[PDB]
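Engineer: Let me give you the structure first, and then I'll get to my questions.
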Amino acid sequence: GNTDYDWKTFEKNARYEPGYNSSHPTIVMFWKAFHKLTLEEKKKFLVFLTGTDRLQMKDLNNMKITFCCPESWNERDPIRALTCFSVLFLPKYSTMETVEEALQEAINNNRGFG
């Protein structure tokens, strides 16, 4: 469902914590899920990661995400995010499926976010 939105620039310009890179297994498998989903689904992702809904192209083309896995991350930890500097809490999932499903979980509103 993509429609005139430069997503390459987004995955390319994103931030990682010191010692993490897009080449890390967990992060490449994360991007894989972000590329197969539709426009509606990725909008939900951004809407919970950022503090602005239905973000404009001017926002998206400079928008970044900061990947983070807490010192005590867990394989079953839910994917959360903070609107401070767009940090996405991504645990070190052992499989490519668990990250694909977790991507859906959070966009589908993982509940208890009150």
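FYI, nothing fancy with the structure tokens labels: chains A, B, ... in order, residues from 1 per chain, ligands from 1 as they appear.
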What's around residue 48 (chain A) at 8 Å? Count only C-alpha atoms, leave out sequence neighbours fewer than 5 positions away in its own chain, and write the answer as a list in words.

Structural biologist: residues 81, 82, 83 and 107 of chain A

Engineer: Neighbouring residues of residue 16 (chain A) were defined as those with any atom within 10 Å, considering only C-alpha atoms; residues of the same chain fewer than 3 positions away were excluded. Please report them as an MDAnalysis selection string.

Structural biologist: chainID A and resid 13 19:22 27 64:68 87:88

Engineer: When distances are computed from only C-alpha atoms, which of A:44, A:103, A:26, A:57 shows the smallest separation from residue 9 (chain A)?

Structural biologist: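 Between A:44, A:103, A:26, A:57, the residue approaching residue 9 (chain A) most closely is A:57.
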
Engineer: Name the residues of chain A that fall into alpha helix (DSSP H) according to DSSP on the backbone, using the chain letters and numbers of this document, as a ChimeraX atom specification.

Structural biologist: /A:7-13,25-36,39-49,57-60,96-107

Engineer: What lies within 12 Å of residue 55 (chain A) using only C-alpha atoms, ignoring chain neighbours under 2 positions off, as a list in words?

Structural biologist: residues 5, 39, 40, 42, 43, 44, 45, 46, 47, 48, 49, 50, 51, 52, 53, 57, 58, 59, 60, 61, 62 and 63 of chain A
